[PDB]
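Below is one structure, written out as structure tokens; comments come after it.
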Amino acid sequence: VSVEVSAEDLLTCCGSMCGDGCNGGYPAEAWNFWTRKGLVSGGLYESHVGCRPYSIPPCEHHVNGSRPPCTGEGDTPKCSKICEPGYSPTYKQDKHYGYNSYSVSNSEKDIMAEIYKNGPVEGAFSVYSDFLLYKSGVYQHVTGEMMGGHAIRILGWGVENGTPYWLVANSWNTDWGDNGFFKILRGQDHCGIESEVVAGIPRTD
Amino acid sequence: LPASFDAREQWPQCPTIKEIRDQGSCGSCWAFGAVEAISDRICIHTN
Ligand SMILES: *[C@H](C(=O)N[C@H](C(=O)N1CCC[C@H]1C(=O)O)[C@@H](C)CC)[C@@H](O)C(=O)OCC
């Protein structure tokens, strides 16, 4: 068990540098804020775990479940530089800083080495209509219209029936895709998956 | 490099690697990929 870094804290307090909160942002800038300003703890919606738990309730992301459906993009919550009541210590004391941040070269070999040496990385890819419908297997865009960019966490790789892939975690809850995860084609910068990878080293060491 | 890798196995001592979040109705995926990978790395490099 270890520190769960607060999506809320970064999303709400980064600002201009990172983009426009709930309406888009820059991951490279996000990693950079972590190095400069650091980030506090904070769990999932209504969990009361951490300094700043996520404040936007979960929903059904293009799947059927019991949760209310997702309704596009709402209001970026404000930046509250204080922890939830019932949590200690303070927000300043609760910050975790990154030592550095850096892009990872557009080589599947270089992305693979990075993950292997240092852990999971963040990357971005282009979501097409046919991606929404993903349940399992290895995703490979065929049909659909370009929908927009999507930032994710790449945590591994492998081969499923001759098809190489990246093991990727989405943030659309557990009832989407393969328990919230998905595999997407590896080695061809498919949908630009290898082209926008960013990572960094914890200040702790 | 091995033909396969899954950080959930290489580092079972880090629960966050297996953890999936929900961004909700907000285009914050840019911040989600970041804090998730940062939670992982903090554990991998220390606690
Ligand atoms: C990140 C982002 O969140 N993108 C969107 C998304 O995944 N959404 C919107 C909120 C609900 C969820 C959905 O179920 O659709 C959407 C545009 C993906 C197709 C994105 O805005 C960003 O900042 O990425 C640039 C790196």
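Sequential numbering from 1, following the chain as shown.
Header lists the method as X-ray crystallography, 2.0 Å.
Yeah, the Cβs are placed from backbone N, Cα and C, and that goes for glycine too.
Feature list (source: Swiss-Prot):
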- B:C29: active site (ACT_SITE)
- B:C14-B:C43: disulfide bond (DISULFID)
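Sequence features, as recorded in Swiss-Prot, placed on the structure.
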residue : record         : DSSP class
B:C14   : disulfide bond : coil
B:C29   : active site    : helix
B:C43   : disulfide bond : helix
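By the rule that a residue counts when its Cβ sits under 6 Å from some atom of ligand 1, the recorded positions B:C14, B:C29, B:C43 yield B:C29. Taking only the Cα positions, the spacing between B:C14 (disulfide bond) and the residue listed as 'active site' is 22 angstrom. Distance between Cα atoms for the residue listed as 'active site' and B:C43 (disulfide bond): 22 Å, as a whole number.
With all protein chains in the displayed structure included, the most crowded Cβ environment within 10 Å among the recorded positions B:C29, B:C43 is that of B:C29. Cβ neighbour count for B:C14 (disulfide bond): 22 (other Cβ atoms within 10 Å of its Cβ, all protein chains included).
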